[PDB]
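Participant: So I've got this file, entry21.txt, and it contains compact mmCIF, C-alpha atoms and all ligand atoms:
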# COMPACT_ATOMS: atom_id res chain seq x y z
CA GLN A 457 152.13 112.57 -6.11
CA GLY A 458 155.02 113.35 -6.03
CA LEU A 459 156.34 116.03 -3.60
CA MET A 460 153.73 114.44 -1.22
CA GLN A 461 155.91 112.74 1.48
CA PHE A 462 153.87 110.94 4.20
CA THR A 463 155.21 111.78 7.75
CA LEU A 464 154.39 110.30 11.14
CA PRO A 465 154.40 111.87 14.58
CA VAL A 466 157.88 111.97 16.11
CA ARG A 467 157.57 108.92 18.44
CA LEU A 468 156.31 106.75 15.47
CA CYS A 469 158.83 108.24 12.96
CA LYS A 470 161.66 106.96 15.25
CA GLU A 471 160.24 103.75 16.71
CA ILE A 472 158.91 102.48 13.28
CA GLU A 473 162.61 101.81 12.32
CA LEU A 474 162.97 99.34 15.20
CA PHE A 475 162.15 95.62 14.86
CA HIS A 476 159.92 95.66 18.03
CA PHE A 477 157.59 98.49 16.89
CA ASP A 478 153.86 97.93 17.64
CA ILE A 479 151.59 99.66 15.00
CA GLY A 480 149.10 100.60 17.77
CA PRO A 481 145.31 100.48 18.22
CA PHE A 482 144.34 103.27 15.74
CA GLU A 483 143.17 101.22 12.72
CA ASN A 484 142.80 104.40 10.56
CA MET A 485 146.56 105.12 10.81
CA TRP A 486 147.63 101.64 9.46
CA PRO A 487 147.25 102.53 5.72
CA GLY A 488 149.37 105.64 6.35
CA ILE A 489 152.04 103.55 8.17
CA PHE A 490 152.23 101.08 5.22
CA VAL A 491 152.56 103.83 2.54
CA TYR A 492 155.28 105.47 4.73
CA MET A 493 157.16 102.15 4.73
CA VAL A 494 156.76 101.58 0.95
CA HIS A 495 158.00 105.18 0.29
CA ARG A 496 161.18 104.74 2.44
CA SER A 497 161.81 101.03 1.51
CA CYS A 498 161.16 101.23 -2.24
CA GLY A 499 160.82 104.94 -3.27
CA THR A 500 157.97 107.54 -3.69
CA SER A 501 158.16 106.53 -7.43
CA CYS A 502 157.65 102.69 -7.23
CA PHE A 503 153.76 102.93 -7.05
CA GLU A 504 151.06 105.42 -8.14
CA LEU A 505 149.72 106.86 -4.82
CA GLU A 506 146.05 106.80 -6.02
CA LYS A 507 146.31 103.09 -7.12
CA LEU A 508 148.35 102.08 -4.02
CA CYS A 509 145.66 103.59 -1.70
CA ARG A 510 142.87 101.91 -3.65
CA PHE A 511 144.74 98.52 -3.46
CA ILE A 512 145.46 98.86 0.35
CA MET A 513 141.75 99.58 1.06
CA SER A 514 140.53 96.56 -1.04
CA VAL A 515 143.14 94.34 0.74
CA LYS A 516 141.82 95.64 4.08
CA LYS A 517 138.19 94.90 3.04
CA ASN A 518 139.20 91.27 2.21
CA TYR A 519 140.64 90.51 5.71
CA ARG A 520 137.98 89.20 8.13
CA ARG A 521 137.10 90.20 11.71
CA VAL A 522 138.85 87.14 13.30
CA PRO A 523 140.80 87.47 16.58
CA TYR A 524 144.36 87.04 15.14
CA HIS A 525 144.51 86.49 11.29
CA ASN A 526 143.21 90.04 10.59
CA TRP A 527 144.20 93.34 8.96
CA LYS A 528 146.40 94.30 12.02
CA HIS A 529 148.41 91.01 11.51
CA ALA A 530 148.84 91.90 7.80
CA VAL A 531 150.34 95.33 8.60
CA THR A 532 152.40 93.99 11.54
CA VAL A 533 154.02 91.29 9.27
CA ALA A 534 154.75 94.01 6.60
CA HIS A 535 156.35 96.25 9.27
CA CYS A 536 158.78 93.37 10.28
CA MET A 537 159.69 92.90 6.56
CA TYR A 538 160.22 96.74 6.36
CA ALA A 539 162.71 96.58 9.37
CA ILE A 540 164.61 93.67 7.67
CA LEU A 541 164.82 95.41 4.29
CA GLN A 542 165.92 98.75 5.86
CA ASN A 543 168.71 97.04 7.91
CA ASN A 544 169.95 95.13 4.70
CA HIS A 545 169.68 98.04 2.16
CA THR A 546 172.06 96.77 -0.52
CA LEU A 547 171.18 93.00 -0.47
CA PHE A 548 167.83 93.25 -2.35
CA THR A 549 166.70 93.90 -5.93
CA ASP A 550 164.28 96.72 -6.86
CA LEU A 551 161.65 94.06 -7.78
CA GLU A 552 162.15 92.29 -4.40
CA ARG A 553 161.63 95.55 -2.39
CA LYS A 554 158.36 96.21 -4.34
CA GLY A 555 156.95 92.67 -4.09
CA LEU A 556 157.84 91.69 -0.47
CA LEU A 557 155.91 94.47 1.36
CA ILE A 558 152.94 93.68 -0.91
CA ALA A 559 153.36 89.89 -0.27
CA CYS A 560 153.38 90.57 3.51
CA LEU A 561 150.23 92.77 3.38
CA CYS A 562 148.41 90.02 1.30
CA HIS A 563 149.88 86.83 2.90
CA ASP A 564 146.70 85.89 4.91
CA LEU A 565 143.97 87.47 2.64
CA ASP A 566 140.47 86.13 3.44
CA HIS A 567 141.73 83.96 6.35
CA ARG A 568 138.80 82.44 8.28
CA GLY A 569 140.73 81.65 11.55
CA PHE A 570 141.16 77.92 10.74
CA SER A 571 144.26 75.83 9.88
CA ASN A 572 144.81 73.82 6.68
CA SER A 573 144.19 70.69 8.90
CA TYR A 574 140.67 71.83 9.89
CA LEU A 575 139.76 72.61 6.20
CA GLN A 576 140.93 69.02 5.32
CA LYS A 577 138.90 67.34 8.10
CA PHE A 578 135.83 69.57 7.36
CA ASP A 579 136.16 68.60 3.64
CA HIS A 580 136.09 72.33 2.65
CA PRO A 581 135.95 72.95 -1.14
CA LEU A 582 139.30 74.87 -0.86
CA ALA A 583 140.94 71.58 0.27
CA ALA A 584 139.69 69.89 -2.96
CA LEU A 585 140.96 72.82 -5.11
CA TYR A 586 144.40 72.94 -3.28
CA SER A 587 145.75 69.65 -1.77
CA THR A 588 148.73 71.30 0.00
CA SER A 589 149.35 74.80 1.47
CA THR A 590 145.52 75.09 1.12
CA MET A 591 144.95 78.57 2.71
CA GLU A 592 148.21 79.90 1.22
CA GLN A 593 147.19 79.09 -2.42
CA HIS A 594 143.88 80.79 -1.56
CA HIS A 595 145.68 83.91 -0.19
CA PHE A 596 147.78 84.19 -3.39
CA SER A 597 144.55 83.77 -5.52
CA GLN A 598 142.87 86.63 -3.58
CA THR A 599 146.00 88.75 -4.19
CA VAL A 600 145.82 88.28 -8.01
CA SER A 601 142.01 88.93 -7.89
CA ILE A 602 142.55 92.30 -6.20
CA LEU A 603 145.49 93.26 -8.54
CA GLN A 604 143.00 92.62 -11.43
CA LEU A 605 140.28 95.06 -10.15
CA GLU A 606 139.95 98.29 -12.19
CA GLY A 607 142.41 100.96 -10.99
CA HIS A 608 144.16 98.40 -8.67
CA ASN A 609 147.17 97.51 -10.90
CA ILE A 610 150.01 98.95 -8.78
CA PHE A 611 152.49 97.10 -11.11
CA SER A 612 151.12 98.79 -14.29
CA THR A 613 154.58 100.35 -15.19
CA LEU A 614 156.54 97.02 -14.99
CA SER A 615 157.34 95.22 -18.32
CA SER A 616 155.59 91.91 -19.06
CA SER A 617 158.82 90.26 -17.74
CA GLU A 618 159.21 92.19 -14.51
CA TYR A 619 155.44 91.75 -13.87
CA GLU A 620 155.76 87.90 -14.08
CA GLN A 621 158.95 88.08 -11.91
CA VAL A 622 157.28 90.28 -9.18
CA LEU A 623 154.08 88.04 -9.13
CA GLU A 624 156.41 84.98 -8.80
CA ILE A 625 158.30 86.59 -5.81
CA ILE A 626 154.80 87.25 -4.24
CA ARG A 627 153.51 83.67 -4.92
CA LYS A 628 156.68 82.01 -3.46
CA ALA A 629 156.70 84.46 -0.50
CA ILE A 630 153.05 83.72 0.38
CA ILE A 631 153.41 79.83 -0.06
CA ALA A 632 156.43 79.98 2.34
CA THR A 633 154.12 81.24 5.16
CA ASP A 634 152.81 77.64 5.33
CA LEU A 635 154.68 76.64 8.55
CA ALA A 636 154.57 72.91 7.41
CA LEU A 637 157.17 74.02 4.76
CA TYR A 638 159.34 76.11 7.18
CA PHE A 639 161.09 73.08 8.83
CA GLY A 640 162.80 71.70 5.70
CA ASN A 641 163.40 75.20 4.32
CA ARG A 642 165.34 76.13 7.47
CA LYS A 643 167.20 72.70 7.61
CA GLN A 644 168.41 73.22 4.01
CA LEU A 645 169.50 76.79 4.77
CA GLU A 646 171.34 75.75 7.96
CA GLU A 647 173.27 73.01 5.95
CA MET A 648 173.98 75.44 3.05
CA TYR A 649 175.29 78.13 5.43
CA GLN A 650 177.57 75.67 7.36
CA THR A 651 179.07 73.87 4.28
CA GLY A 652 179.49 77.44 2.83
CA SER A 653 177.49 76.47 -0.32
CA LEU A 654 175.02 79.44 0.26
CA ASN A 655 175.09 81.67 -2.83
CA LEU A 656 172.70 84.72 -2.96
CA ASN A 657 173.40 84.76 -6.80
CA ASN A 658 171.58 81.41 -7.04
CA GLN A 659 167.89 82.36 -7.56
CA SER A 660 166.93 79.01 -5.91
CA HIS A 661 168.96 80.11 -2.81
CA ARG A 662 167.42 83.62 -2.71
CA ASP A 663 164.00 81.94 -2.81
CA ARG A 664 164.86 79.95 0.36
CA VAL A 665 166.23 83.07 2.15
CA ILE A 666 163.03 85.05 1.29
CA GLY A 667 161.03 82.05 2.51
CA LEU A 668 162.84 82.32 5.88
CA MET A 669 162.32 86.12 6.07
CA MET A 670 158.57 85.39 5.51
CA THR A 671 158.44 82.92 8.44
CA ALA A 672 160.38 85.43 10.62
CA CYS A 673 158.00 88.31 9.78
CA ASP A 674 154.92 86.08 10.17
CA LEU A 675 155.97 84.89 13.69
CA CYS A 676 157.17 88.44 14.66
CA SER A 677 154.71 88.72 17.64
CA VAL A 678 157.41 86.66 19.56
CA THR A 679 159.96 89.52 18.89
CA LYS A 680 157.87 92.29 20.56
CA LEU A 681 158.07 93.70 24.09
CA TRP A 682 156.65 91.17 26.61
CA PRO A 683 153.26 92.96 27.14
CA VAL A 684 152.63 92.99 23.32
CA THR A 685 153.77 89.28 23.05
CA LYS A 686 151.65 88.22 26.00
CA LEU A 687 148.47 90.00 24.82
CA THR A 688 148.87 88.77 21.17
CA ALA A 689 149.11 85.13 22.49
CA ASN A 690 145.49 85.62 23.79
CA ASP A 691 144.33 86.39 20.22
CA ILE A 692 146.33 83.47 18.79
CA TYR A 693 144.78 81.01 21.25
CA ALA A 694 141.23 82.48 20.85
CA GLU A 695 141.45 81.19 17.22
CA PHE A 696 143.11 77.90 18.26
CA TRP A 697 140.32 77.15 20.81
CA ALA A 698 137.45 77.99 18.36
CA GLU A 699 139.10 75.53 15.88
CA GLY A 700 139.32 73.00 18.75
CA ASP A 701 135.59 73.44 19.43
CA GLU A 702 134.88 72.89 15.67
CA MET A 703 137.09 69.68 15.74
CA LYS A 704 134.96 68.40 18.68
CA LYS A 705 131.82 69.13 16.55
CA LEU A 706 133.23 66.84 13.77
CA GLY A 707 133.72 64.14 16.56
CA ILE A 708 137.57 64.64 16.66
CA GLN A 709 139.58 65.24 19.90
CA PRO A 710 141.61 68.35 19.01
CA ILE A 711 145.38 68.51 19.82
CA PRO A 712 145.86 70.08 23.34
CA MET A 713 147.06 73.45 21.81
CA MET A 714 143.46 73.84 20.47
CA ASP A 715 141.61 72.34 23.50
CA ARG A 716 140.27 75.24 25.65
CA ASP A 717 139.87 72.73 28.54
CA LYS A 718 143.76 72.51 28.53
CA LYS A 719 144.40 76.31 28.99
CA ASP A 720 146.82 75.41 31.87
CA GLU A 721 149.27 73.89 29.24
CA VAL A 722 149.68 77.20 27.27
CA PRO A 723 153.00 78.34 28.87
CA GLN A 724 154.61 74.88 28.31
CA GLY A 725 153.19 74.99 24.69
CA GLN A 726 154.85 78.41 24.12
CA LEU A 727 158.25 76.96 25.36
CA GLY A 728 157.93 74.10 22.76
CA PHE A 729 157.14 76.56 19.98
CA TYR A 730 159.98 78.98 20.92
CA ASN A 731 162.47 75.98 21.13
CA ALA A 732 161.18 74.00 18.02
CA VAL A 733 160.26 76.95 15.75
CA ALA A 734 160.88 80.59 16.72
CA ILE A 735 164.50 80.36 18.13
CA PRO A 736 165.81 78.19 15.24
CA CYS A 737 164.08 80.54 12.73
CA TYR A 738 165.70 83.79 14.02
CA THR A 739 169.07 81.98 14.69
CA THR A 740 169.46 80.79 11.05
CA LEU A 741 168.08 84.21 9.89
CA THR A 742 170.73 86.06 11.96
CA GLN A 743 173.48 83.76 10.48
CA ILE A 744 172.40 84.62 6.92
CA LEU A 745 171.58 88.32 7.64
CA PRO A 746 173.57 89.53 10.66
CA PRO A 747 171.66 92.85 11.15
CA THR A 748 168.40 90.92 11.99
CA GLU A 749 169.99 89.96 15.33
CA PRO A 750 167.56 92.12 17.40
CA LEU A 751 164.72 89.68 16.37
CA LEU A 752 166.70 86.73 17.89
CA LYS A 753 167.55 88.76 21.02
CA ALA A 754 163.86 89.84 21.55
CA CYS A 755 162.72 86.22 20.90
CA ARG A 756 165.13 84.85 23.58
CA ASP A 757 163.88 87.61 26.01
CA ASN A 758 160.24 86.39 25.51
CA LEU A 759 161.30 82.67 25.93
CA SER A 760 162.70 83.66 29.30
CA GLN A 761 159.46 85.55 30.16
CA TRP A 762 157.46 82.27 29.46
CA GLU A 763 159.92 80.36 31.71
CA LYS A 764 159.08 82.97 34.41
CA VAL A 765 155.34 82.28 33.87
CA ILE A 766 155.89 78.51 34.47
CA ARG A 767 157.95 79.24 37.66
CA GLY A 768 154.98 81.27 39.01
CA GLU A 769 157.36 84.37 39.00
CA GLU A 770 154.31 85.68 36.94
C1 LIG B 801 154.82 69.56 15.54
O1 LIG B 801 154.59 70.67 14.65
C2 LIG B 801 154.45 70.61 13.25
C3 LIG B 801 155.23 69.72 12.46
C4 LIG B 801 155.06 69.72 11.05
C5 LIG B 801 154.14 70.56 10.36
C6 LIG B 801 153.36 71.47 11.13
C7 LIG B 801 153.51 71.51 12.56
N1 LIG B 801 152.69 72.45 13.29
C8 LIG B 801 153.43 73.38 14.20
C9 LIG B 801 152.45 74.10 15.12
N2 LIG B 801 151.52 74.80 14.16
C10 LIG B 801 151.20 76.13 14.32
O2 LIG B 801 150.43 76.66 13.54
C11 LIG B 801 151.55 77.01 15.45
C12 LIG B 801 151.53 76.62 16.76
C13 LIG B 801 151.80 77.66 17.73
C14 LIG B 801 151.90 77.93 19.19
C15 LIG B 801 151.80 76.92 20.35
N3 LIG B 801 152.16 79.24 19.34
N4 LIG B 801 152.23 79.82 18.04
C16 LIG B 801 152.56 81.15 17.74
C17 LIG B 801 152.42 81.64 16.45
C18 LIG B 801 152.76 82.92 16.15
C19 LIG B 801 153.24 83.69 17.18
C20 LIG B 801 153.38 83.20 18.47
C21 LIG B 801 153.03 81.91 18.79
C22 LIG B 801 151.99 78.89 17.05
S1 LIG B 801 151.80 78.75 15.25
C23 LIG B 801 150.90 74.13 12.97
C24 LIG B 801 151.89 73.19 12.30
MG MG B 802 148.91 82.22 6.98
ZN ZN B 803 150.31 85.31 8.84
Would you mind writing the structure in this file as structure tokens?
Ligand SMILES: COc1ccccc1N1CCN(C(=O)c2cc3c(C)nn(-c4ccccc4)c3s2)CC1
Ligand SMILES: [Mg+2]
Ligand SMILES: [Zn+2]
Facilitator:
Amino acid sequence: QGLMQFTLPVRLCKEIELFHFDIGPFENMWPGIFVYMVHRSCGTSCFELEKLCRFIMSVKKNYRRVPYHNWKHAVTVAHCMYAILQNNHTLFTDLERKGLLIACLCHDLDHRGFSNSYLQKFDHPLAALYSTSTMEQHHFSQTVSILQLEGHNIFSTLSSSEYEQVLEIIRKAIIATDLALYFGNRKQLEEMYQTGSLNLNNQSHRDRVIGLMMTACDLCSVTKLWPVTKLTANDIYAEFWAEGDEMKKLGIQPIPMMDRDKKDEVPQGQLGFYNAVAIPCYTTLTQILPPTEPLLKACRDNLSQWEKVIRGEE
């Protein structure tokens, strides 16, 4: 370091502060974008540049060449967390700022493009090792593995205490990306916010709020400009339909979402997801953290674009 400030071209320098930023098609700039975000979000001092770079490149190596759950998704989810943190400066601890961008970059490590359900019906060894949140316990495991490589300990300055705290933020943040867990997490938050029992000084409450941030960042393709949203959906479904094919190979009719013979039902499927998942997620998030409102507004814009697709207005 340490008078070595990363800088981006002007258009990226400005637009990276906005929730709807797309990191672009130049894979070799993504490490640079992430370090930029860590530097501005956390400090130039929070991590040793040499170690941070080495960690980022091993994380990248451990993402697979799958249509959707890839390195670009990792960096996209970390950019949404960066926009949330930078719009809510004073609400987060020094440990939280450190751990959350790392959690986001690692949250789908070694994803194979298959759901927890498929692993369970295939009888994959991971499903025997981890009975719930199967892929998410795997992703956390891969994170600890990489932190334990020589020259990869980006947390080397933390005390024993702070190190266990930061790895516990990361574990909880990554487990929360299991959408099966989102529904009750958001119900509890909605009740806590409305009865006014929500207390950010309660560690158990902070946990829930970071859980919700993790779902928000993870689903953030629905908060992009329509052409980004529309073209990402193609990647999402290319994984869904492969999984559907693999279900049929086990002798199991897949759900329609995964059946490539039911492509026609995609736009109605997106409506259900926006209504049952996305809109509620950003709504409750915007109640807890008012400056995240642009994510809700962009989500509602994309809902209305999918209504236009159904009405043949596109
Ligand atoms: C009744 O639903 C449930 C009830 C209890 C537990 C689990 C569920 N499932 C909910 C659905 N599940 C999904 O993975 C997802 C389905 C879709 C669809 C359609 N578009 N996107 C998506 C993602 C990211 C961006 C844009 C669009 C997603 S992600 C799995 C779990
Ligand atoms: Mg995941
Ligand atoms: Zn993800």
Participant: Let me see if you get this right: every residue at most 7 Å from ligand ZN 803 (chain B), counting all atoms listed in the file, written as a PyMOL selection string.
Facilitator: chain A and resi 525+529-530+563-564+633+674
Participant: Taking 6 positions as the minimum chain separation for residues in the same chain, which residues sit within 12 Å of residue A:586 when counting all atoms listed in the file? Answer as a PDB file with C-alpha atoms, keeping the file's coordinate frame.
Facilitator:
ATOM      1  CA  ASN A 572     144.810  73.820   6.680  1.00  0.00           C
ATOM      2  CA  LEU A 575     139.760  72.610   6.200  1.00  0.00           C
ATOM      3  CA  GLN A 576     140.930  69.020   5.320  1.00  0.00           C
ATOM      4  CA  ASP A 579     136.160  68.600   3.640  1.00  0.00           C
ATOM      5  CA  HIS A 580     136.090  72.330   2.650  1.00  0.00           C
ATOM      6  CA  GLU A 592     148.210  79.900   1.220  1.00  0.00           C
ATOM      7  CA  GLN A 593     147.190  79.090  -2.420  1.00  0.00           C
ATOM      8  CA  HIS A 594     143.880  80.790  -1.560  1.00  0.00           C
ATOM      9  CA  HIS A 595     145.680  83.910  -0.190  1.00  0.00           C
ATOM     10  CA  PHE A 596     147.780  84.190  -3.390  1.00  0.00           C
ATOM     11  CA  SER A 597     144.550  83.770  -5.520  1.00  0.00           C
ATOM     12  CA  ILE A 631     153.410  79.830  -0.060  1.00  0.00           C
TER      13      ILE A 631
END
Participant: Between atom CA of residue A:708 and atom CA of residue A:581, measure the distance and give it in Å to one decimal.
Facilitator: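 Taking atom CA of residue A:708 as the start and atom CA of residue A:581 as the end point, the length is 19.7 Å.
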Participant: Quick one: of A:483, A:691, A:646, A:550, who's nearest to ligand LIG 801 (chain B), counting only C-alpha atoms and all ligand atoms?
Facilitator: A:691
Participant: Show me which residues line ligand LIG 801 (chain B), defined as having an atom within 10 Å of a ligand atom where all atoms listed in the file count, and present them as an NGL selection string.
Facilitator: :A and (524 or 570-573 or 634-640 or 671-679 or 685-686 or 688-693 or 696 or 712-714 or 721-730 or 732-734)
Participant: Do you know which residues are at most 7 Å from residue A:536 counting only C-alpha atoms, after dropping those on the same chain fewer than 3 positions away, and could you put them as a PDB file with C-alpha atoms, in the coordinates of the input?
Facilitator:
ATOM      1  CA  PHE A 475     162.150  95.620  14.860  1.00  0.00           C
ATOM      2  CA  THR A 532     152.400  93.990  11.540  1.00  0.00           C
ATOM      3  CA  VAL A 533     154.020  91.290   9.270  1.00  0.00           C
ATOM      4  CA  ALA A 539     162.710  96.580   9.370  1.00  0.00           C
ATOM      5  CA  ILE A 540     164.610  93.670   7.670  1.00  0.00           C
ATOM      6  CA  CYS A 673     158.000  88.310   9.780  1.00  0.00           C
ATOM      7  CA  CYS A 676     157.170  88.440  14.660  1.00  0.00           C
TER       8      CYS A 676
END
Participant: Please list, as a PyMOL selection string, the residues that have an atom at most 8 Å away from (157.8, 100.3, -6.1) in the coordinates of this file, counting all atoms listed in the file.
Facilitator: chain A and resi 494+498-503+550-551+553-555+611
Participant: Find, counting all atoms listed in the file, the residue in A:476, A:545, A:495, A:577 that gets nearest to residue A:745.
Facilitator: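 When distances to residue A:745 are compared using all atoms listed in the file, the smallest one comes from A:545.
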Participant: From the set A:464, A:513, A:559, A:479, which residue has the shortest atom-to-atom contact distance to ligand MG 802 (chain B), counting all atoms listed in the file?
Facilitator: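 Result for the nearest residue to ligand MG 802 (chain B): A:559.
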Participant: So what do you get for atom CA of residue A:514 versus atom CA of residue A:602, distance-wise?
Facilitator: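 Straight-line distance from atom CA of residue A:514 to atom CA of residue A:602 works out to 7.0 Å.
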Participant: Quick one, how far is atom CA of residue A:497 from atom CA of residue A:470?
Facilitator: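 Between atom CA of residue A:497 and atom CA of residue A:470 the gap works out to 15.0 Å.
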Participant: Which residues come within 9 Å of residue A:543, counting all atoms listed in the file, excluding same-chain residues fewer than 5 positions away, as a ChimeraX atom specification?
Facilitator: /A:473,538,747-748
Participant: Can you write out the residues you just picked, keeping C-alpha atoms, as a PDB file, keeping the file's coordinate frame?
Facilitator:
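Done, and the output landed in selection39.pdb:
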ATOM      1  CA  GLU A 473     162.610 101.810  12.320  1.00  0.00           C
ATOM      2  CA  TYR A 538     160.220  96.740   6.360  1.00  0.00           C
ATOM      3  CA  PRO A 747     171.660  92.850  11.150  1.00  0.00           C
ATOM      4  CA  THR A 748     168.400  90.920  11.990  1.00  0.00           C
TER       5      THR A 748
END
